Each structure stands twice: as structure tokens, then as C-alpha cells.
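In C-alpha cells, the next block holds one chain alone, the form deposited in one PDB entry.
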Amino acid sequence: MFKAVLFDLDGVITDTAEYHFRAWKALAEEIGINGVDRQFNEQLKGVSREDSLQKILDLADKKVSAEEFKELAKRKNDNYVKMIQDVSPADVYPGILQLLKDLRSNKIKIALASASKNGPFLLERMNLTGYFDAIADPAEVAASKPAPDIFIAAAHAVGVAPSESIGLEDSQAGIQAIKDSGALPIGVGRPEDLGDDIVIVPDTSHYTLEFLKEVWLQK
């Protein structure tokens, strides 16, 4: 049987995407650039703060100083950090709390493998800290998803090999990272997005200890 479950945060435990979008739209409004809508925002997911700001500046072909660029990026993040002050246990996705309770009682390690620089803060605010045996520090990983580094780090931090672990993710990049770590991915979402070759559930209410055990045995 598997020995650990490696969780991403956004799209698995809770939603951070909505707050990122609001922080970028607020910032875009302040400097008078139109076109930062949820459709545009798809081009911001999975990219660096700097690269996302550059994409928003390209909308208006706006140039800034290196100093102003750094300030705008910082403002966006300060805005983001203010908005996530609202996060509570009410924002934990369906099934996730009960899953973490069952894993813990069954002595299965729990690690976060998130690029969130606020993962620890966000787990405290949702009252989940007590379930996690490790959080992989994204500032200490050389390469982002779809590179496996952060899933490897999360597994090593709880004393297992990725080969002994299940990884939970909703993103193409995330599923590819889990697969290349040697962990077994279980996707949440749509086969059209995440591939036909892995087990996928429509939503997190299906991520149960019993379902995870069935998947591991079946391959």
C-alpha cells in the first residue's frame, strides 16, 4: 500500500486562483490597462509574477523602469496577501478534511507540494496544519511544475520515495510533475484536460481513502 499522499493546494485543497485574478485586475485598473478578464487570466496561470506583469504591460505596449516594474509586482503581491486574510475552514474543498482525517488515522504521511509562497499561512487559516507532516518549500526547488522537483521534495520531506506516494492535482503541469517524480497521479477534473492514461475524479468529494486504496491496488 502507498505510504504518503502529496497534495497541491490550488484546485485540490482550495481556490487561490480567484484571488490572484482579483489582485491582477485591481493592479491593471490602477495603471489604466483594460483586458485583464478571466479569459486573459488563463495566460497568467503557471507563469512567474514578473512574466505575468510583462503580459499585462504588453496589452497597452506600456514600458516601465526596472524600479517601477519591481514596485508594480510587489503591489500585486501585497494586494494578494491582503485578500487571502479572508481564508477560513469554510474554503476547504469537499471531501478534503475527511480525507486528511482518514489518512492521519491510517498512519499515511501527508505533504504539500504547492508553488504557493503562502502554503503554511493558508493551511493555518483553513485549520489543516495538524494533518500535514511536511510542506515542500517552493523557494528551495530549482524548477516549477511540470518538473517533478517539488513532488520529489514533498515525498523526501516525509521520509518516502515518490514511488511509495499518490499525488493529487488538477493541472496538466501538475499531473506531468507527479508522473515524472515516479508517484501515482490521481487527477481531479476532466480526461480531455488531464489525459486518458490516469485515474480522474470529477471533483474532490470522490477523493476518499477507500477510493485511493482501490486505485493503488488496480495499478
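In this text, residue numbers run from 1 along the sequence as written.
There is another form of this protein, the form deposited in another entry, and it is not shown here; the text below is about that form.
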Original post:
Hinge check: of 16, 170, 152, 101, which sits where one rigid part gives way to the other between the shown form and the other one?
Top reply: 16
**OP:** Check residue 41 against residue 90 at the C-alpha atoms and report closer or farther in the other form, compared with the shown form; the change is 3 Å or more.
**Re:** closer
Subject >> Cα-Cα trend for residue 90 and residue 38, given that in the other form the distance shifts by 3 Å or more >> reply: closer
